[PDB]
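Laboratory data are not the source of any read-out in this text; all were calculated from the coordinates shown. Cβ placement follows ideal geometry from the backbone for every residue including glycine, while neighbour counts extend to all protein chains displayed.
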Amino acid sequence: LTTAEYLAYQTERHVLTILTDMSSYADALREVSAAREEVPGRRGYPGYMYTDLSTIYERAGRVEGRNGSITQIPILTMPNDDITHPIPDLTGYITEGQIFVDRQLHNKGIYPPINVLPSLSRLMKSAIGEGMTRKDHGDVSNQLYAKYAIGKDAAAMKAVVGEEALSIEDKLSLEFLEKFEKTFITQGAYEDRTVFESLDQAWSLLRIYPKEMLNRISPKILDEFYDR
Amino acid sequence: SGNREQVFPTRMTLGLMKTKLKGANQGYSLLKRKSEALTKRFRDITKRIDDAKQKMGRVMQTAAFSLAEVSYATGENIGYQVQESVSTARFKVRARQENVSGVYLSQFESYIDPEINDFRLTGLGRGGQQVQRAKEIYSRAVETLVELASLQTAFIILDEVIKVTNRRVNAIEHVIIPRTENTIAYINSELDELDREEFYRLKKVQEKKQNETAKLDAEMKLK
Amino acid sequence: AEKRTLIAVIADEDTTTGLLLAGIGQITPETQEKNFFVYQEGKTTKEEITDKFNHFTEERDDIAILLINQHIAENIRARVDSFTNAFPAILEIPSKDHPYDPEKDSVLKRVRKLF
Amino acid sequence: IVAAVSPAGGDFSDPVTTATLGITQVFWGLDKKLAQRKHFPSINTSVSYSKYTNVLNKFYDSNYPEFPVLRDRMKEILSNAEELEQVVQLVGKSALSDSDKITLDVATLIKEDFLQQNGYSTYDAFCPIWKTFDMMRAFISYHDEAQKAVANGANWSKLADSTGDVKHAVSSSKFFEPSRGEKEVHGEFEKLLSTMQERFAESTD
Amino acid sequence: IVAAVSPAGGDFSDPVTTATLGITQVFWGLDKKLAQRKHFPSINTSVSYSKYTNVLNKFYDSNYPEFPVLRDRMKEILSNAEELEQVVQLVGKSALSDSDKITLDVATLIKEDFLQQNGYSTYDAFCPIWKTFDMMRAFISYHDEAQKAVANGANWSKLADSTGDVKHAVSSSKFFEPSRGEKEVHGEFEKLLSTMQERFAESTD
Amino acid sequence: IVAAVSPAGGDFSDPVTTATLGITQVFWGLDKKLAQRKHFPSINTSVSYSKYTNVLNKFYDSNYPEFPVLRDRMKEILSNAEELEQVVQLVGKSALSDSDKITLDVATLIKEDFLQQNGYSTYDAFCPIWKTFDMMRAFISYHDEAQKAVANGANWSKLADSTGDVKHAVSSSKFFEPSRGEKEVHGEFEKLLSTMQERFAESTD
């Protein structure tokens, strides 16, 4: 983070700092805390866990005057796959969202195993619009999330009410979920997809549905992006 | 406070019961949506059976007057002749088999007997027309009976599924939730508190020992 | 279960049997018993009708529909008792000689109650 | 290293296992349910992992080219069927589609005949890599044949009844004594897979 | 002190949020679901209690005498509709009585045009207390006239279709400009109520 | 030494209780849920135990020879009631057989009339051992006669109202004043047993 602050403020270049496995950093912070003979706080981590996590995370963000900007993507391992653990909890309590990697999708062979349904970016709407990325990006995101949720619950119901008793929306949603998880989320390890190209794939995926079933997307965007 | 589950509080138990709560919650939602699907089908069956009842008014009256016209042609009630006419008239009810909304509702698909008109050909010419009208009314009757069989079997299934979802949301989920509430919030927090008390007592003992070592030295150093 | 055929026994009106046996009927040549027992149009006590209903809907293994004349509004309790299952006999209440399909029909009563 | 970790009462909440998980590239975690069923070995095929799946591709591409694809297919079948089982145990198997029934049944076949391994009998005491690869191929191709056949008309109950012989063949393929050598064991598996394909082609019509 | 509480994981059970809920008299209770439906200000009226309603009678009776009973009526009809949505889910809409359908329609009008405030337009960015009170009178009078003219008159649907203009007027009552002056706005609301009364009198025939 | 253990929070796992257990041969674990509904003496039959039943058999065979058999029968039907209630609170009384219904009814009778004891009224302040044994015979005989009548053909739903006088006599058998003397009370109990047997024989004709 000191190098990032240098490169981003004393020079001008942006920077996307990555902090791999902050859970191991918390593990090391436990050793420092116990070295000082401090009593353990919750879960064994020191009570000031939040302070020394914040003093890392909050060293990022754009700055008035200086053109640079530090973007953090602090990766961290779920200790036992529970949000309630102090480290994921505190990080989600300081950071601007979360981007899950899900065991369930990884066992299917998907890569990356990003779980879209719980993952969210709180201030995504700032980075989306006409000026940056295409103008349909926000509504494409909204509709993709909605149809993915429909696909997930309808995949749950395929085993309950049978495939034939699902409404045509849910049948199209199963087809969309299969193609989604297998072609859109599923990305080659070395496949660089430009955000415009990824939106083009998203559109090639959403045009499964008729224009009327894409209720989430504004009509002014459908009338110029659905057909191409 | 509330319905305990009388479980032994430990971290493996908290995780197990949290997964069990997740399973029961998704099961409640899943069975609730199965129940809405089945009750949609059930309401369709109820409206069709009411329509078939008012058909058993009107169309049955029409077929009865077909019989009445045949009797008028014959000049007398042919019912006595029709009595004990044949052992198996030209109609039968095949074994029901179907699967509606995930439930094997048994709708009877009755079909005409291959030995058609086993009791026809009696009296004047209106007998055949009355037989055909009776066969049409009997097809309507097979339809109404199939709708009623659905409105009974799916009624039982919808009652069982609805009471299972209600039992879940009332007893099962609302007893699993207090079980985890106990296991973590009361007991695990209490045990961590005890352990932190023990550690603080250790820290106090260690600090007083080092301090007195500090005062015995630093006093040998003072003089 | 196995295939079977309908029957109509409710003492209100047996003319429905005359109007229906032209197309659909049932007798047991092996048992020498007319499965489509007449209703006598009120010429018999309800005990015989109840016995025949018990034989058809609780002793016969072959499953099919069954019909009942305006007496279905009279024997509603027994109809509710025997209507616990769609088999062996899913009852029905045709109008017979008079318009007699009101809200008093047992199946219609159950539908309205669950409505 | 092969560092056994006694799991104690807990499953993974024990801090030794949690601290180990951040270090070991491979973690064959225990499965309590498979142990209570006496299903040996009883490793959990849903929470275990090997960060060595991708580095080994340099070795797979030279000897067993289809091994990674088959492993991914096997994992996909097992995971989809565990999802499906988590529902059917709560509702029942009546509503399952034919493809769902195949996924569930092939998962049971896998979990009983591929994943399971006695480890004490003269056969299957040490399942060499080529025999394991050939059984992966046999099971995956059996699932593929079933899915493709029910993609056509053939309903799956009659198909299972008619190809019970093929199912038993792929199930008992584990019995192939590995001391016979790859030269002839691979021939046995080729014969098995060919008869499998021809039987499914026959029963499709 | 309007002090927000944002617990660690949205648990709303940790001692800080329990203490604040115990001490803070009014808890306006925002909701995520009401925000996703774009129903700003996203107040969840089910849980958003307020224990300052009682001490404010000394202010209401001074210069808005009917306000307390008026909000009690609005809250009770809103809660009745919230309860009756469950009955609509259980059994078809037709099974509801005429009075129940009146309650549902009026509370939908409430949720759409009284609670739901644009906040960005110039007409309802600032809803003064007098305009809020007059809108409350209009809405509650609408429910009362519908309720009375149905309990002593024709079916709810016939009146609703016959007096859809009145419902549109009370819905568009949100658009009256607060900048127009308190006296002018109050006179306009009185005009709306008078036209209301005469229109319900006409449609009663 | 009889010593109440008064655990904090009502938790049986409270360390003073756990230490007290393992050294006390008897454990009359009271339950707060029963004491809330004024069901005295509020003992919890599910978890209470007494390691002294094995050594008391000598006294019982010397004085009340069939006391232990009756105790075993009573605890058996109580446990059957507990499992049946666990089933019913999730399924409902419909799925219950007829013997299950009679077990539930007799166990409710016991829990309201035998196990319960007002502790302050003149009739149940001190229930001497002979009256307790007599009521065990009365309640178990009622259960046996009802079970036999159900087995012999009479459905319990019809039997309930026909023999309701006998069930009420059993319920009111706890009002037999202990000071009336062993001869008087035992004569009354023999009368109750004879009336039970004759009425249950008559009602099953």
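Once C-alpha pairs closer than 8 Å and six or more residues apart are averaged by separation and normalised to the residue number of chain D, the relative contact order reads 18 percent.
Take the Cα of A:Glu5, step 7 Å toward its Cβ, do the same at F:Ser194, and the gap between the two points is 10.2 nm. For segment D:85-150 and segment A:1-66, what is the separation of their C-alpha centers, rounded to whole Å? First find each Cα centre; the distance between them is then 47 Å. For A:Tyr57, the shell of other residues with beta-carbons less than 14 Å away shows a net charge of -3, using +1 for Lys and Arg and -1 for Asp and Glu.
A simple spin-label model places the labels of E:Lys183 and A:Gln98 5.9 nm from each other, with each point 7 Å out along Cα-to-Cβ. Shape class of segment D:1-83 from the alpha-carbon gyration tensor: oblate, with a/c at 1.5 or above and b/c at least as large as a/b. Cβ-Cβ distance of D:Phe126 and E:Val16, R₀ of 45 Å, FRET efficiency by 1/(1 + (r/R0)^6): the value works out to about 0.15.
For segment D:1-73 and segment B:134-204, what is the centre-to-centre distance using only Cα atoms, to the nearest Å? So the two Cα centres are separated by 34 Å.
Take each residue in C:10-21, count the other chain C-beta atoms within 10 Å of its C-beta, and the mean is 6.
Calculated from DSSP H runs of 4 or more alone, at -39500 (n - 2.57) each and per residue, what is the 222 nm mean residue ellipticity of chain D, nearest 500? If you can, show how the numbers build up before the last one.
On the way: 9 runs with 119 residues, N = 205.
Computed mean residue ellipticity for chain D: -18500 deg cm²/dmol.
Amide hydrogen proximity for A:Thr71: with H placed 1.01 Å from N in the peptide plane, the residues at 5 or more positions away or on another chain lying under 5 Å are A:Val15, A:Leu16, A:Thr17. Using a Gaussian network model of chain D in which every pair of alpha carbons under 10 angstrom is joined by a spring, one finds that among D:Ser13, D:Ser173, D:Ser46 the greatest mean-square fluctuation is at D:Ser13. The simple Förster model, with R0 at 45 Å and r as the Cβ-Cβ distance, assigns F:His39 and D:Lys93 a FRET efficiency of 0.50. Couplings 3J(HN,Hα) for segment F:74-91, derived from phi with the Karplus relation 6.51 cos²θ - 1.76 cosθ + 1.60 (θ = phi - 60°), are 5, 5, 5, 5, 5, 5, 4, 4, 4, 5, 5, 5, 4, 5, 5, 5, 10, 10 Hz, where x marks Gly and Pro. Amide H contacts for F:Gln117 (H built 1.01 Å from N in the peptide plane; partners 5 or more residues away or on another chain; cut-off under 5 Å): F:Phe40. Close amide H contacts of D:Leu30 (hydrogens built in the peptide plane, cut-off under 5 Å, sequence separation of 5 or more or a different chain): D:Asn44. In this rough spin-label picture, where each label sits 7 Å from Cα along the Cβ direction, the A:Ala34-B:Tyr104 distance is 5.9 nm.
How would the protein assembly as shown be classified by its alpha-carbon gyration tensor: rounded, prolate or oblate, with rounded meaning a/c under 1.5 and the a/b versus b/c comparison settling the rest? Provide the component values of the computation, followed by the final result.
Numbers: a/c = 1.33, a/b = 1.25, b/c = 1.07.
Rounded, because the longest to shortest axis ratio a/c is under 1.5.
For chain C, what log10 I(q)/I(0) values come out of the Debye formula at q = 0.19, 0.22 1/Å, with one point per alpha carbon and no solvent? Calculated log10 I(q)/I(0) at the listed q: -0.98, -1.32. Mean residue ellipticity, 222 nm, helices only, chain A: the sum of -39500 (n - 2.57) across DSSP H runs of n ≥ 4, divided by residue count and rounded to 500, is -12000 deg cm²/dmol.
Taking a Cβ cut-off of under 13 Å around D:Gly92, the surrounding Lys, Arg, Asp and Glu residues balance to a net charge of 0, with basic ones at +1 and acidic ones at -1. As a proxy for reagent exposure, A:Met124, A:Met132, B:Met60 were ordered by neighbouring Cβ count within 10 angstrom, fewest first; the result is A:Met132, A:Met124, B:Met60.
Counts of other chain beta carbons within 10 angstrom of each beta carbon in peptide D:86-96 average 6.
Couplings for segment C:104-115, taken from phi via the Karplus curve 6.51 cos²θ - 1.76 cosθ + 1.60 with θ = phi - 60°, read 8, 5, 4, 5, 5, 4, 5, 4, 5, 4, 7, 6 Hz in order; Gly and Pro are left as x.
Name the residue, out of D:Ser94, D:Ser179, D:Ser171, whose mean-square fluctuation peaks in a Gaussian network model built on chain D with Cα pairs under 10 Å. The residue that fluctuates most here is D:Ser94.
Please label the shape of chain A as rounded, prolate or oblate, based on the square roots a ≥ b ≥ c of the eigenvalues of the alpha-carbon gyration tensor (a/c under 1.5 means rounded; beyond that, a/b larger than b/c means prolate, else oblate). Let's see the in-between values first.
On the way: a/c = 2.77, a/b = 1.53, b/c = 1.81.
Judged from the Cα gyration tensor, chain A comes out oblate (a/c at least 1.5, b/c at or above a/b).
If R0 equals 35 Å, the separation of the Cβ atoms of B:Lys204 and F:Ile1 corresponds to a calculated FRET efficiency of about 0.40. 3J(HN,Hα) along segment A:161-178: 10, x, 5, 6, 8, 7, 4, 4, 4, 6, 5, 4, 6, 4, 4, 5, 5, 4 Hz, from the Karplus curve 6.51 cos²θ - 1.76 cosθ + 1.60 with θ = phi - 60°, whole Hz, x for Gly and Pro. Considering only B:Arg196, B:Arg120, B:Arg58, the mean-square fluctuation computed in a Gaussian network model of chain B, springs between alpha carbons under 10 angstrom, is largest for B:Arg196.
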